[PDB]
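Working notes, structure below.
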2 protein chains.
Amino acid sequence: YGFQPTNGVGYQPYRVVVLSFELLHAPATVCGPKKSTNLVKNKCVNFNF
Amino acid sequence: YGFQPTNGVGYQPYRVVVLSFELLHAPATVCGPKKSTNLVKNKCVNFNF
């Protein structure tokens, strides 16, 4: 490449990262800040197990 | 000014410094990177006093 600070757009260097990840194949182990709550029973509730 | 990294030449910021010299009126105190020599006399020589 010929990266020079005087070059116009379409020639300046860009930094690129691609994120790939499997939806589900096993016990998942990568995810963010969801607060693990307690456990309730014998009631109609919604859950995010 | 509207300096943006996407701006083309003729709009990116430039840094400028100007140096002005007075042409000597007193014992000078800003000399070049020269080294002095011993003093001779009674001989045809050239000098840089």
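A note on labels: chains of the structure tokens are A, B, ... as shown, every chain counts residues from 1, and ligands are counted from 1 in their shown order.
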Interface list for chain A, partner chain B, 9 Å threshold, only C-alpha atoms, as a list in words: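 Close to chain B, chain A has residues 6, 7, 8 and 9 of chain A.
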Superposed chain B (on chain A, all in-order C-alpha pairs) as an mmCIF file with N, CA, C and O atoms, in the first residue's frame:
```
data_model
loop_
_atom_site.group_PDB
_atom_site.id
_atom_site.type_symbol
_atom_site.label_atom_id
_atom_site.label_comp_id
_atom_site.auth_asym_id
_atom_site.auth_seq_id
_atom_site.Cartn_x
_atom_site.Cartn_y
_atom_site.Cartn_z
ATOM 1 N N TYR B 1 0.646 -1.178 0.012
ATOM 2 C CA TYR B 1 -0.151 0.036 0.025
ATOM 3 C C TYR B 1 0.752 1.260 0.091
ATOM 4 O O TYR B 1 1.918 1.183 0.480
ATOM 5 N N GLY B 2 0.191 2.401 -0.293
ATOM 6 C CA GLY B 2 0.942 3.639 -0.345
ATOM 7 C C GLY B 2 0.414 4.718 0.575
ATOM 8 O O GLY B 2 0.295 5.876 0.171
ATOM 9 N N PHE B 3 0.077 4.350 1.806
ATOM 10 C CA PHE B 3 -0.577 5.282 2.714
ATOM 11 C C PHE B 3 0.291 6.506 2.968
ATOM 12 O O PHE B 3 1.410 6.395 3.476
ATOM 13 N N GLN B 4 -0.236 7.671 2.610
ATOM 14 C CA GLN B 4 0.382 8.965 2.841
ATOM 15 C C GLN B 4 -0.638 9.893 3.477
ATOM 16 O O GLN B 4 -1.820 9.850 3.128
ATOM 17 N N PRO B 5 -0.209 10.747 4.406
ATOM 18 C CA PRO B 5 -1.173 11.641 5.064
ATOM 19 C C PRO B 5 -1.844 12.601 4.107
ATOM 20 O O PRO B 5 -2.927 13.114 4.409
ATOM 21 N N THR B 6 -1.230 12.863 2.958
ATOM 22 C CA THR B 6 -1.826 13.734 1.959
ATOM 23 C C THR B 6 -2.882 13.034 1.118
ATOM 24 O O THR B 6 -3.647 13.714 0.428
ATOM 25 N N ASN B 7 -2.938 11.706 1.151
ATOM 26 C CA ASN B 7 -3.892 10.977 0.328
ATOM 27 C C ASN B 7 -5.317 11.296 0.753
ATOM 28 O O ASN B 7 -5.623 11.384 1.945
ATOM 29 N N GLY B 8 -6.192 11.465 -0.231
ATOM 30 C CA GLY B 8 -7.580 11.750 0.044
ATOM 31 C C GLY B 8 -8.311 10.529 0.551
ATOM 32 O O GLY B 8 -7.770 9.426 0.636
ATOM 33 N N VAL B 9 -9.580 10.739 0.906
ATOM 34 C CA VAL B 9 -10.395 9.631 1.373
ATOM 35 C C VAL B 9 -10.503 8.593 0.267
ATOM 36 O O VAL B 9 -10.364 8.897 -0.924
ATOM 37 N N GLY B 10 -10.744 7.352 0.662
ATOM 38 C CA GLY B 10 -10.653 6.251 -0.263
ATOM 39 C C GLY B 10 -9.252 5.732 -0.456
ATOM 40 O O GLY B 10 -9.059 4.776 -1.216
ATOM 41 N N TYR B 11 -8.265 6.335 0.198
ATOM 42 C CA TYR B 11 -6.910 5.827 0.174
ATOM 43 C C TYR B 11 -6.249 5.817 1.538
ATOM 44 O O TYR B 11 -5.207 5.173 1.690
ATOM 45 N N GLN B 12 -6.810 6.501 2.526
ATOM 46 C CA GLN B 12 -6.252 6.448 3.861
ATOM 47 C C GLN B 12 -6.535 5.087 4.490
ATOM 48 O O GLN B 12 -7.571 4.477 4.228
ATOM 49 N N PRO B 13 -5.623 4.590 5.317
ATOM 50 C CA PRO B 13 -5.813 3.261 5.902
ATOM 51 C C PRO B 13 -7.009 3.212 6.840
ATOM 52 O O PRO B 13 -7.285 4.160 7.578
ATOM 53 N N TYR B 14 -7.705 2.080 6.811
ATOM 54 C CA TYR B 14 -8.816 1.786 7.700
ATOM 55 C C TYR B 14 -8.555 0.488 8.445
ATOM 56 O O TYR B 14 -7.966 -0.454 7.903
ATOM 57 N N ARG B 15 -9.018 0.446 9.689
ATOM 58 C CA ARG B 15 -8.895 -0.728 10.539
ATOM 59 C C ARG B 15 -10.244 -1.423 10.626
ATOM 60 O O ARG B 15 -11.267 -0.773 10.883
ATOM 61 N N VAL B 16 -10.245 -2.740 10.416
ATOM 62 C CA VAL B 16 -11.468 -3.523 10.292
ATOM 63 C C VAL B 16 -11.392 -4.722 11.224
ATOM 64 O O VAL B 16 -10.368 -5.417 11.270
ATOM 65 N N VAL B 17 -12.475 -4.958 11.966
ATOM 66 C CA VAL B 17 -12.641 -6.152 12.787
ATOM 67 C C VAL B 17 -14.021 -6.739 12.524
ATOM 68 O O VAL B 17 -15.023 -6.016 12.523
ATOM 69 N N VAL B 18 -14.074 -8.049 12.313
ATOM 70 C CA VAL B 18 -15.325 -8.762 12.093
ATOM 71 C C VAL B 18 -15.543 -9.736 13.239
ATOM 72 O O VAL B 18 -14.613 -10.431 13.666
ATOM 73 N N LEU B 19 -16.769 -9.764 13.750
ATOM 74 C CA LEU B 19 -17.166 -10.647 14.835
ATOM 75 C C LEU B 19 -18.154 -11.674 14.310
ATOM 76 O O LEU B 19 -19.176 -11.311 13.716
ATOM 77 N N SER B 20 -17.852 -12.948 14.540
ATOM 78 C CA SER B 20 -18.701 -14.057 14.132
ATOM 79 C C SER B 20 -19.180 -14.810 15.361
ATOM 80 O O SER B 20 -18.378 -15.160 16.238
ATOM 81 N N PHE B 21 -20.486 -15.061 15.416
ATOM 82 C CA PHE B 21 -21.116 -15.791 16.504
ATOM 83 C C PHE B 21 -21.579 -17.139 15.983
ATOM 84 O O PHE B 21 -22.259 -17.207 14.953
ATOM 85 N N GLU B 22 -21.218 -18.205 16.685
ATOM 86 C CA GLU B 22 -21.909 -19.471 16.513
ATOM 87 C C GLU B 22 -23.211 -19.425 17.302
ATOM 88 O O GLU B 22 -23.261 -18.884 18.412
ATOM 89 N N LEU B 23 -24.275 -19.973 16.722
ATOM 90 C CA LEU B 23 -25.586 -19.836 17.346
ATOM 91 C C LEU B 23 -25.870 -20.941 18.352
ATOM 92 O O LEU B 23 -26.917 -21.591 18.278
ATOM 93 N N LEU B 24 -24.941 -21.157 19.288
ATOM 94 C CA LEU B 24 -25.146 -22.006 20.459
ATOM 95 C C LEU B 24 -25.285 -23.485 20.113
ATOM 96 O O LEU B 24 -26.177 -23.880 19.356
ATOM 97 N N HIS B 25 -24.404 -24.313 20.671
ATOM 98 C CA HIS B 25 -24.526 -25.757 20.543
ATOM 99 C C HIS B 25 -24.155 -26.503 21.818
ATOM 100 O O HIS B 25 -24.087 -27.735 21.792
ATOM 101 N N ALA B 26 -23.921 -25.804 22.920
ATOM 102 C CA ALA B 26 -23.346 -26.375 24.128
ATOM 103 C C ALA B 26 -23.634 -25.425 25.285
ATOM 104 O O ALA B 26 -24.251 -24.376 25.065
ATOM 105 N N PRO B 27 -23.249 -25.747 26.521
ATOM 106 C CA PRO B 27 -23.374 -24.755 27.600
ATOM 107 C C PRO B 27 -22.619 -23.479 27.261
ATOM 108 O O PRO B 27 -21.390 -23.470 27.161
ATOM 109 N N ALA B 28 -23.371 -22.397 27.084
ATOM 110 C CA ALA B 28 -22.787 -21.128 26.680
ATOM 111 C C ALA B 28 -21.871 -20.579 27.765
ATOM 112 O O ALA B 28 -22.099 -20.772 28.961
ATOM 113 N N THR B 29 -20.817 -19.885 27.333
ATOM 114 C CA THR B 29 -19.863 -19.290 28.253
ATOM 115 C C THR B 29 -19.590 -17.819 27.975
ATOM 116 O O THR B 29 -18.735 -17.230 28.645
ATOM 117 N N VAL B 30 -20.278 -17.214 27.016
ATOM 118 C CA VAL B 30 -20.135 -15.793 26.712
ATOM 119 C C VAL B 30 -21.526 -15.184 26.843
ATOM 120 O O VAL B 30 -22.297 -15.133 25.882
ATOM 121 N N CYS B 31 -21.853 -14.706 28.035
ATOM 122 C CA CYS B 31 -23.162 -14.144 28.306
ATOM 123 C C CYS B 31 -23.096 -12.621 28.277
ATOM 124 O O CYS B 31 -22.024 -12.015 28.307
ATOM 125 N N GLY B 32 -24.268 -11.999 28.227
ATOM 126 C CA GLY B 32 -24.365 -10.562 28.245
ATOM 127 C C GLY B 32 -24.211 -10.013 29.646
ATOM 128 O O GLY B 32 -23.989 -10.752 30.609
ATOM 129 N N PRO B 33 -24.328 -8.708 29.787
ATOM 130 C CA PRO B 33 -24.135 -8.044 31.082
ATOM 131 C C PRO B 33 -25.386 -8.045 31.957
ATOM 132 O O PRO B 33 -25.813 -7.006 32.462
ATOM 133 N N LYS B 34 -25.976 -9.218 32.137
ATOM 134 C CA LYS B 34 -27.189 -9.359 32.926
ATOM 135 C C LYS B 34 -26.880 -9.973 34.283
ATOM 136 O O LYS B 34 -25.871 -10.657 34.472
ATOM 137 N N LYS B 35 -27.769 -9.716 35.234
ATOM 138 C CA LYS B 35 -27.643 -10.222 36.592
ATOM 139 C C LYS B 35 -28.761 -11.215 36.876
ATOM 140 O O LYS B 35 -29.925 -10.960 36.561
ATOM 141 N N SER B 36 -28.399 -12.345 37.474
ATOM 142 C CA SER B 36 -29.367 -13.397 37.728
ATOM 143 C C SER B 36 -30.308 -12.997 38.860
ATOM 144 O O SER B 36 -30.104 -12.004 39.561
ATOM 145 N N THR B 37 -31.360 -13.794 39.030
ATOM 146 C CA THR B 37 -32.354 -13.584 40.068
ATOM 147 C C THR B 37 -32.631 -14.903 40.770
ATOM 148 O O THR B 37 -32.256 -15.978 40.294
ATOM 149 N N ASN B 38 -33.299 -14.811 41.915
ATOM 150 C CA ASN B 38 -33.661 -16.005 42.659
ATOM 151 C C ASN B 38 -34.696 -16.816 41.890
ATOM 152 O O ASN B 38 -35.373 -16.320 40.986
ATOM 153 N N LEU B 39 -34.817 -18.084 42.263
ATOM 154 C CA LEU B 39 -35.663 -19.030 41.554
ATOM 155 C C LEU B 39 -37.002 -19.181 42.262
ATOM 156 O O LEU B 39 -37.046 -19.378 43.480
ATOM 157 N N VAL B 40 -38.085 -19.090 41.496
ATOM 158 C CA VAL B 40 -39.430 -19.324 41.998
ATOM 159 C C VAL B 40 -40.026 -20.495 41.228
ATOM 160 O O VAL B 40 -39.418 -21.027 40.301
ATOM 161 N N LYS B 41 -41.229 -20.895 41.627
ATOM 162 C CA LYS B 41 -41.909 -21.997 40.962
ATOM 163 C C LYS B 41 -43.389 -21.958 41.312
ATOM 164 O O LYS B 41 -43.823 -21.212 42.191
ATOM 165 N N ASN B 42 -44.159 -22.777 40.594
ATOM 166 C CA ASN B 42 -45.594 -22.932 40.823
ATOM 167 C C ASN B 42 -46.344 -21.617 40.661
ATOM 168 O O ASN B 42 -47.359 -21.385 41.319
ATOM 169 N N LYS B 43 -45.855 -20.748 39.784
ATOM 170 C CA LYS B 43 -46.527 -19.493 39.495
ATOM 171 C C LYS B 43 -46.289 -19.135 38.038
ATOM 172 O O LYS B 43 -45.183 -19.314 37.523
ATOM 173 N N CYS B 44 -47.328 -18.631 37.381
ATOM 174 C CA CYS B 44 -47.221 -18.252 35.978
ATOM 175 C C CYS B 44 -46.312 -17.036 35.857
ATOM 176 O O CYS B 44 -46.688 -15.928 36.253
ATOM 177 N N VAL B 45 -45.110 -17.245 35.323
ATOM 178 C CA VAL B 45 -44.110 -16.200 35.160
ATOM 179 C C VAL B 45 -43.406 -16.411 33.828
ATOM 180 O O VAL B 45 -43.549 -17.446 33.178
ATOM 181 N N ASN B 46 -42.626 -15.417 33.430
ATOM 182 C CA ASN B 46 -41.792 -15.520 32.245
ATOM 183 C C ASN B 46 -40.326 -15.610 32.645
ATOM 184 O O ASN B 46 -39.909 -15.040 33.657
ATOM 185 N N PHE B 47 -39.557 -16.350 31.856
ATOM 186 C CA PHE B 47 -38.207 -16.746 32.202
ATOM 187 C C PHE B 47 -37.285 -16.525 31.014
ATOM 188 O O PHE B 47 -37.717 -16.507 29.856
ATOM 189 N N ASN B 48 -35.999 -16.405 31.329
ATOM 190 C CA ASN B 48 -34.922 -16.144 30.384
ATOM 191 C C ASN B 48 -33.765 -17.101 30.633
ATOM 192 O O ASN B 48 -32.614 -16.699 30.806
ATOM 193 N N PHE B 49 -34.070 -18.393 30.667
ATOM 194 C CA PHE B 49 -33.090 -19.411 31.035
ATOM 195 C C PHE B 49 -31.977 -19.448 30.001
ATOM 196 O O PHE B 49 -32.140 -20.011 28.918
#
```
